[PDB]
Amino acid sequence: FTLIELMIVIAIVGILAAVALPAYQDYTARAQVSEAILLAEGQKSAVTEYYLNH
Amino acid sequence: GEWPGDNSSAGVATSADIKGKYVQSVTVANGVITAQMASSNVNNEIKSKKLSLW
């Protein structure tokens with residue numbers, strides 16, 4: 001019944017390859033989001049300039 | 001021996017005379033001359049501002 005001990009090791013592996021990964025689709029998003037942040041930044045200038053001029 | 005009370009005393013271009021960008025008046029005061037900032041496309045702050053010349 002080391003087999004159990006085995007099947008234990010199996011069992012603990014059994015419920016070890018499921019739901020043990022939080023928030024990574026969450027995390028990639030941030031950067032994937034933040035990528036979008038990277039772009040309109042330059043627009044701020046003429047926006048300011050417009051506000052600056054006007 | 002006396003300054004001109006104004007443009008007209010001098011006989012010259014009055015307040016609403018000589019002007020353009022950032023100049024919505026140009027005025028003499030007993031020889032003390034002054035012009036005003038425009039009221040737009042300016043620093044929102046300095047909008048419509050003057051300083052004399054004596």
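Heads up, the Cβs are rebuilt from the backbone with ideal geometry, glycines too, and the neighbour counts pull from every protein chain shown. Taken together, the values in this text are just the output of simple stated rules run on the coordinates, not laboratory data.
What about B:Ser8, is it more than 14 Å from chain A (Cβ to nearest Cβ) and either farther than 30 Å from A:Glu49 by Cα or assigned to a loop (DSSP other than H, G, I, E, B) (or both)? Don't jump to the end; show me each part of the working.
Numbers: more than 14 Å from chain A (Cβ to nearest Cβ): yes; either farther than 30 Å from A:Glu49 by Cα or assigned to a loop (DSSP other than H, G, I, E, B) (or both): yes.
Yes; evaluated as a whole, the condition is true for this residue.
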Filter result (more than 15 Å from the chain's Cα centre (by Cα) and either assigned to a loop (DSSP other than H, G, I, E, B) or not polar (S, T, N, Q) (or both)) within region A:19-45
A:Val19, A:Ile37, A:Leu38, A:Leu39, A:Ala40, A:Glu41, A:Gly42, A:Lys44
Exactly one of (1) outside any helix (DSSP H, G or I); (2) surrounded by fewer than 10 Cβ atoms within 10 Å (Cβ to Cβ) is unmet by A:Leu16. Its number?
(2)
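Each row is one residue, and each column tells you yes or no for (1) surrounded by 14 or more Cβ atoms within 10 Å (Cβ to Cβ); (2) part of a helix (DSSP H, G or I); (3) β-branched (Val, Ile, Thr).
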| residue | (1), (2), (3) |
| --- | --- |
| B:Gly1 | no, no, no |
| B:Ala13 | yes, no, no |
| B:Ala16 | no, no, no |
| B:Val28 | yes, no, yes |
| B:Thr34 | yes, no, yes |
| B:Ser48 | no, no, no |
